[PDB]
Amino acid sequence: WXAXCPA
Amino acid sequence: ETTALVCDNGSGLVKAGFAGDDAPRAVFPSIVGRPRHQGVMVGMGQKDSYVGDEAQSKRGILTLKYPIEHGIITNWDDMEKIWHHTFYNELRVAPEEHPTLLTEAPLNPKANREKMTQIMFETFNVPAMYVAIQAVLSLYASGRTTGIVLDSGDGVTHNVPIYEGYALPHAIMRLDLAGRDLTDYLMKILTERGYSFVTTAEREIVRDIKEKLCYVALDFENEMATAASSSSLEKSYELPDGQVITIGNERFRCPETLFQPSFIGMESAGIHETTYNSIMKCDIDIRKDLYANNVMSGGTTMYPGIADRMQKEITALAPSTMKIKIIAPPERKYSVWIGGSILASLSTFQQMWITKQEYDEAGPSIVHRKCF
Amino acid sequence: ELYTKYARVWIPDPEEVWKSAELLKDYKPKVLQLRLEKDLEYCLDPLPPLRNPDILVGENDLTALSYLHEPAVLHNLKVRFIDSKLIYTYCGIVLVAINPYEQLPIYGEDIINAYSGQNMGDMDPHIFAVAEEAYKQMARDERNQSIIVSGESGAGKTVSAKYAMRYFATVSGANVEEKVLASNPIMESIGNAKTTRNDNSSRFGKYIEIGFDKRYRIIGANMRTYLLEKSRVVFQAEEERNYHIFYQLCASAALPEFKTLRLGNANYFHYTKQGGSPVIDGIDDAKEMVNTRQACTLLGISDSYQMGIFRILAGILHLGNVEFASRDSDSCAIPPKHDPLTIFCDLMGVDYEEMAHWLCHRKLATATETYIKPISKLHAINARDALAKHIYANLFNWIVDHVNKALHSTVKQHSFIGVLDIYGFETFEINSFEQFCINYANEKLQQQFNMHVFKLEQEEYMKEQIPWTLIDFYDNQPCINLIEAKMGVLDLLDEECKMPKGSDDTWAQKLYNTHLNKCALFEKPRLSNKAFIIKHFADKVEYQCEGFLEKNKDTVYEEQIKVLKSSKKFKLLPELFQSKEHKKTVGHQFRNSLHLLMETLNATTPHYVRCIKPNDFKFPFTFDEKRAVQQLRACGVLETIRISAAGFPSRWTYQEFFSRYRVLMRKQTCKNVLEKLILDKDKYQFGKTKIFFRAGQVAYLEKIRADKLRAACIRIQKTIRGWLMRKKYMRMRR
Amino acid sequence: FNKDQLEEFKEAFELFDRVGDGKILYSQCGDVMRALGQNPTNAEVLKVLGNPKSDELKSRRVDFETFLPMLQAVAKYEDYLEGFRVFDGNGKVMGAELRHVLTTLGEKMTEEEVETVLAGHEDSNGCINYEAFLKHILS
Ligand SMILES: Nc1ncnc2c1ncn2[C@@H]1O[C@H](COP(=O)(O)OP(=O)(O)NP(=O)(O)O)[C@@H](O)[C@H]1O
Ligand SMILES: Nc1ncnc2c1ncn2[C@@H]1O[C@H](COP(=O)(O)OP(=O)(O)O)[C@@H](O)[C@H]1O
Ligand SMILES: [Mg+2]
Ligand SMILES: [Mg+2]
Ligand SMILES: [Mg+2]
C-alpha cells in the first residue's frame with residue numbers, strides 16, 4: 001500500500 | 001455493431017470476454033515470469049518475458065511474480081504487459097474498436113483508478129471506459145437487487161450491503177485476508193509435516209493442493225479431535241514429478257483461518273463476524289432483507305462446506321426468530337464477470353461510459369466524479 | 001364572404017358523423033341562422049366546413065374537389081357507393097376500395113379487355129387500373145413494381161390481391177393462379193387467429209412475388225412471410241383463440257389417425273384454454289381441418305409429412321400441460337411419472353429422463369469448464385413457452401418453404417411484380433404488445449408512402465418548371481425515433497428483460513423518466529401509472545404495460561434443442577432445425593423482420609391499395625359513417641387528403657379553363673385577364689401546360705361565374721321581354 | 001311626358017282596353033311600358049305595380065292616369081352586347097343555346113315566343129349573329 005500493509 | 005469488452009483484473013485469474021455472452025472466453029493467471037538462468041543454447045527463440053499460461057507452463061525456469069497484490073496494482077509495466085496480452089493475444093481484437101469495462105475492489109487508493117484510466121485512454125486509445133465495483137456486479141449476476149455480498153478472490157475480501165439498488169457506503173467492510181494469503185499459511189503447516197515449498201513455482205504447486213483437497217469443517221473442534229484420532233480424513237496427492245504426499249488435518253485446518261485470522265496474526269475476526277458487523281451498521285428497517293439474502297462470490301468461497309459453516313455461525317450470532325439464507329450458486333467463481341456482462345449490455349448504461357472527449361477535457365481526475 | 005345566403009355547410013350530429021346545412025343569411029364580420037336538409041341556431045365557438053359546389057361531387061377522384069375535408073370525402077364515398085354503386089375510388093396514387101360483401105360484374109374478362117392498354121387518365125378506377133400501371137412501369141424499366149394492400153381484417157385484402165394477379169394471368173397467360181389460390185387454406189390455418197373484433201384475422205405479412213420472363217409471360221411465384229406474431233402461440237387475451245390449426249386438430253382428435261396423439265378436447269390443454277372461447281361462430285373446425293389437408297395435398301406435401309406436422313402440433317400442446325412444482329424459490333422439479341411429459345417424450349421420440357433433466361436445469365460452459373445449475377419455476381415456465389414458440393415458428397417457416405417448392409418454378413426469373421398483404425393500423429379499448437408491434441410496422445410503411453408520394457409530386461412540379469419550394473414534406477420520423485431509436489420504447493423493453501427483478505411497474509417508470517416531457521409525441525394517461533400514450537400518424541392510442549414482459553421474453557436453452565435434434569422416431573423434427581439468435585427477444589426479432597420487409601419494398605416502386613369494411617355485422621352493400629370514419633382514419637387516407645389540401649390540390653389545362661371562362665370573360669392573355677379579374681396571384685401558379693390553384697379558388701371562380709351569369713340573365717330576359725310586351729302591344733294595335 | 005305624348009300614349013293604352021270601361025288590366029301595363037321603349041324586369045314591373053296579388057293582377061282595372069306615374073318612374077348597347085357575348089370568339093351563338101338559355105335561365109320565357117323572335121336569325125350551322133339579333137330587338 002504505502003504505509004500499513006506491504007503493498 | 002460494437003460490443004463492450006468486459007475485464008476483471010482480479011489477482012490470479014484474469015478473465016475477459018465480450019459483453020452479452022454467457023461466460024468469459026479468456027481466463028489465465030495474472031502472472032508474469034522472467035527467466036533467471038543463463039541460457040546456453042543459441043538461436044532459441046528466447047524472449048524477454050512470458051505472460052499467463054506461457055509462464056505457467058515454463059515456470060520451472062522462471063521467477064513468477066504477480067503485479068496485483070490485494071487489489072492494488074503494484075507494477076505498471078507488467079500490468080501493461082498483461083492487458084496487452086489480453087486484448088491482442090487472447091481476444092485478438094483491437095481496443096480502438098470497443099469500449100471497455102473494468103472491475104475493481106472498493107476502498108482502495110484513488111491513484112489506482114487514475115492510472116488505470118490514463119493507461120486505457122493513452123496507450124490503447126479505448127474509445128470509452130468505465131470502472132465498476134465487484135460486489136455490485138455480483139448482484140446483477142445473481143438476479144437480485146437486494147442483498148449483502150461477500151466477495152473474495154485472491155487478496156481483498158469485502159462485504160457490500162445493497163438495498164433496492166442503493167449502496168450503503170458506511171457499512172462497507174474490507175479485509176485483506178482471502179485467497180493468496182491462505183496459501184502462505186498452508187505452506188507453513190505443510191512444513192510442519194516435513195515438506196518444504198520455497199520458490200514461486202512451489203507456491204503454485206501448493207495452490208493446486210489448496211484447490212483440490214481443502215474443505216471447511218462444520219465444527220472445527222470435533223474434526224480436529226477426529227483426525228487426531230483417525231486416518232479417515234487423510235488424503236494423498238501426487239506432486240508434478242511423481243512423488244506422493246499425504247496430508248491430514250492440514251487440509252481442513254487451512255481454510256479454517258478465514259474464520260479465525262488470529263491463525264496468521266491479523267487482528268480482525270473472520271468473515272462471519274464482519275458480515276454480521278456489517279449488517280449491524282444498516283438501519284433496522286432493512287436488516288430482515290439483508291439477512292434474507294447473502295450472496296457469496298469469487299473463488300475463495302468455493303471450498304466445500306463454506307456456505308454451511310457460514311449459515312451455522314451467522315445463525316448463532318443473529319437473533320433467533322429469522323431466516324438466515326446463504327445464496328451460493330455453483331457458478332459463483334465467475335459471477336463478477338457475468339454481472340459485468342449483463343451491465344455493459346444494458347441500454348441505460350450507454351450514457352454512463354466515460355468518453356475520450358471528457359477525458360481530454362478533464363484529465364484523469366474525471367473518473368472520480370463520473371464513476372462511483 | 002364565402003359565407004352568404006347561398007353557401008352550404010356541414011355540421012356534426014351523433015347519429016351520423018356529419019349533416020348538411022344551408023345558411024339562412026350570411027355571417028357578417030357570432031351565431032348562425034341555419035336550416036337543415038328545418039330550424040337551427042348553431043353555436044360558433046370563438047366556422048363550419050364549407051361544402052363544395054355540387055357540380056364537382058360524385059366522381060372518380062377525390063383530390064379534385066375544391067374544398068378537401070372529411071365530410072366531403074365521406075359524402076362522395078356515400079353517394080357513389082350507395083347510389084352509383086361504384087366501389088373503387090382514387091386519392092392521389094392510392095386506390096380505395098369499399099368491401100361490398102356482394103358480388104359484382106366488375107372483375108370480368110370483358111373488363112380486363114376494357115382496362116388493358118389504358119392509362120390512369122383514361123378510365124374510372126378499378127383494381128385492374130392499378131395492375132396495368134404496374135405492368136406499364138415494368139415495361140418501361142427493368143425496375144420491379146410492388147402492390148401493397150391494407151385494411152382491417154375482413155376488408156378483402158385477399159380478394160383484392162386475388163383479382164389483382166388474375167389480371168396478370170389473363171393479360172400474359174401460368175397455372176400459378178390456381179396454385180396460389182389453392183395455397184390459402186393452409187396459410188389461413190397456420191397463420192390466422194380469432195381476435196376480439198374479428199374472426200380469421202391475419203397476424204402476418206404475406207408477399208407473393210410474381211416473376212416474369214423477358215416476354216412478360218408469367219414464370220411462377222415465390223412466397224415470403226414476415227412479421228409473424230409469435231407470442232400468440234402461448235398467450236391469449238380474453239376472447240381470443242390460439243392459431244386456428246390447434247383447434248382444428250383438437251376437434252379432429254376422435255379420428256383414427258390422431259388416436260395415437262391422445263389429444264384431449266379443445267379446453268384440455270393449457271395453450272388452447274386461456275382465451276376462454278373454444279368455439280368460433282358458425283364454423284365446423286372438424287370440416288375445416290379436412291379442407292386444410294386437402295389443400296396441403298393439392299400442393300403436394302406428402303401424406304407422411306402431414307402426419308408429421310400433426311404429431312409436432314400435438315407435441316406443442318402436450319408440452320403445454322407440463323407442470324412444475326417448486327422445491328425452492330430458486331429451484332423446481334417435475335413431479336415424477338408426469339403424464340404430460342410422458343406423452344410428450346413418447347410423441348417426439350426422446351428420453352423422458354433427458355427432457356425431465358433439461359426442462360428443470362440449464363447449462364453453462366466456460367472455455368475449460370462447465371456447470372449444470374437449476375432454475376426457478378418462473379424461469380422454467382418461461383423456457384418451456386419459449387421452446388413452444390421456437391418450434392412453431394420453425395414449423396411455419398417449413399410449410400412456407402414447401403409451398404415455395406411447389407410454386408417456385410424451373411425457368412429463371414427476369415423481373416417481377418410483387419403483392420403484399422399487410423394488416424392496417426388498429427385500435428381497441430385494450431392495446432397490448434401485439435397491437436404495439438402492428439402499429440409500429442404501420443408507422444414505418446406510412447413513412448414510405450409519405451416519402452414516395454412527396455417525391456412523385458415534387459418531380460411533377462419540376463416537369464412543370466414550377467418553383468420547388470411551395471411543396472412541403474410531412475415528416476413522421478420523429479415518432480419512429482421514439483419507438484425504435486436507442487432509449488426508445490422497444491429499447492427499454494429489451495433492457496427490462498435483462499434487468500434483475502424487472503417488472504411492468506419499473507418498466508413504466510423507466511418510460512416516464514425517459515420520455516414523459518422530453519418529447520411531444522409521448523404522453524401519460526391522466527388517471528393511470530400503468531399505461532402510456534403514443535401520438536401516431538392517425539391517432540392517440542393507449543397501451544397497457546401489463547403484457548409486455550410476459551410476451552417479449554424469448555430465450556431457448558440450447559440443451560433443449562440439442563435434445564430434440566437427437567430424436568430418431570421421425571425425420572421431420574430434426575429436419576426443422578437448420579445461437580446468437582436464441583437470445584433475441586420477440587421485439588427485437590420483429591424489429592429485424594420489419595427491416596427485411598423495408599429492404600424488399602424500398603428497392604421497388606410501389607402502388608397502393610386501401611380496403612375499408614363499412615359495417616361490422618357484415619350486411620351486404622350497406623354503409624355506416626361510424627365504421628367508415630374510423631377505418632378511413634386507420635388507413636391514413638384522411639391524413640393524405642389534408643397533406644394534399646396543403647400544397648396545390650387543383651390544376652387546370654389552359655385552353656379548357658378558358659373554354660368556359662370566356663363565358664365570364666391563349667395562355668398569356670388569359671393569365672393576364674385572370675390577374676386583372678382576381679387577386680389569386682399568390683394562390684395560383686403557372687407552368688408548361690397548366691395553371692395550378694390552391695384550394696377554394698375554383699369555388700370562388702364559380703361564385704363569380706354565378707354572379708355574372710345571373711346578372712346577365714336578368715338583363716337578357718328584361719330586354720327580350722321588352723319586345724314580348726311590345727309584341728302584345730302591336731297585336732293590340734291590330 | 002307632355003300633352004302630345006300623353007295623348008298618343010293614352011290612345012295606345014285605350015287600345016288595350018278589352019272591356020270598354022276605358023281601363024286596362026295590370027297585366028297589360030307591361031305591354032304599354034315596353035311598347036313605349038322601356039325594358040323593365042318582371043321584378044321592376046311588380047314593384048311599380050305594388051307587388052300585386054294574382055287576383056288583383058288578373059281582374060283589377062286601372063285607367064291611363066294611374067298607370068302613368070309607373071311608366072314615368074320606369075322610364076327615368078355595350079352591356080347588351082356583352083350579355084349576348086356570354087354565350088359566344090367569332091361573334092356567334094348557337095341557336096340551340098340561345099333558345100335553351102332564354103327558356104331555362106333567368107325569368108324563363110316560352111318556346112313559342114323564342115321561336116317567333118328567333119325565326120330567321122340563326123343560320124344553317126345553327127349559329128346566331130348576336131349583334132344583328134340584338135340590333136333587331138333594340139330597334
Ligand atoms: N370485392 C369483393 N367482392 C366480393 N366479396 C368481397 C370483396 N371484398 C371483400 N369481400 C368479402 O370479404 C370477405 C372475406 O374475404 P377473404 O377472402 O376471406 O379475405 P379477408 O378475410 O377480407 N382478409 P382479411 O382482411 O385479413 O380479413 C368475404 O365475405 C367476401 O365476400
Ligand atoms: N475450486 C476451488 N477451491 C478452492 N479454492 C479455489 C478454487 N478455485 C480457485 N481457488 C482459489 O481462489 C483464488 C482465485 O479466486 P478468484 O475469484 O479467481 O480470484 P479473483 O477474484 O482475483 O479472480 C486462488 O487463490 C485459487 O487458488
Ligand atoms: Mg474477484
Ligand atoms: Mg381473410
Ligand atoms: Mg373471409
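Numbers run from 1 along the shown chain.
Each residue, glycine too, has its Cβ placed from N, Cα and C.
Per Swiss-Prot, the features are as follows:
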BINDING   C:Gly151, C:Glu152, C:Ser153, C:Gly154, C:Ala155, C:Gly156, C:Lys157, C:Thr158  ATP binding site
REGION    C:594-616  region 'Actin-binding'
DOMAIN    C:709-731  domain 'IQ 1'
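When Cβ-Cβ distances below 8 Å are used as the criterion, the region 'Actin-binding' (C:594-616) is approached by residues 81, 93-99, 127, 130, 133-134, 137, 143-152, 154-157, 160, 164, 197, 205, 207, 224, 226-227, 418, 420, 440-441, 444-445, 448-449, 452, 622-624, 627-628, 631-632, 635-637 of the same chain, each at least six residues removed from its ends. Here the binding-site residues are C:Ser153, C:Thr158; the one with the fewest Cβ atoms within 10 Å of its Cβ is C:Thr158. Each residue of the domain 'IQ 1' (C:709-731) gets a DSSP state, and the totals for helix, strand and coil are 23 helix, 0 strand, 0 coil. Flanking an unmodelled run of 34 residues, C:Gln578 and C:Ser579 have Cα atoms spaced 12 Å apart.
A break of 8 residues separates C:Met665 from C:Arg666 in the model, with a C-alpha distance of 13 angstrom spanning it.
When the region 'Actin-binding' (C:594-616) is classified with DSSP, helix, strand and coil residues number 9 helix, 8 strand, 6 coil. C:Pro29 and C:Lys30 bracket a stretch of 2 residues that the deposited model omits, and the distance between their Cα atoms is 9 Å. Spanning 4 unmodelled residues, the straight-line distance from the Cα of C:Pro46 to the Cα of C:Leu47 measures 9 Å.
In this structure, C:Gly154 is the one among the binding-site residues C:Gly151, C:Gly154, C:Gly156 with the smallest number of other Cβ atoms inside 10 Å of its Cβ. Within 8 Å of the centroid of the Cβ atoms of C:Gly151, C:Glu152, C:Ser153, C:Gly154, C:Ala155, C:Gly156, C:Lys157, C:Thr158, where the record puts ATP, the same chain has further Cβ atoms from C:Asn99, C:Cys611, C:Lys613. Sequence-distant neighbours of C:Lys157 (ATP binding site) (same chain, 6+ apart, CB under 8 A from its CB) are C:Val149, C:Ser150, C:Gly151, C:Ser202, C:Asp421, C:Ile422, C:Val609, C:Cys611. Flanking an unmodelled run of 2 residues, C:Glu37 and C:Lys38 have Cα atoms spaced 7 Å apart. When Cβ atoms from all protein chains are considered, those within 10 Å of C:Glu152 (ATP binding site) total 23, not counting its own.
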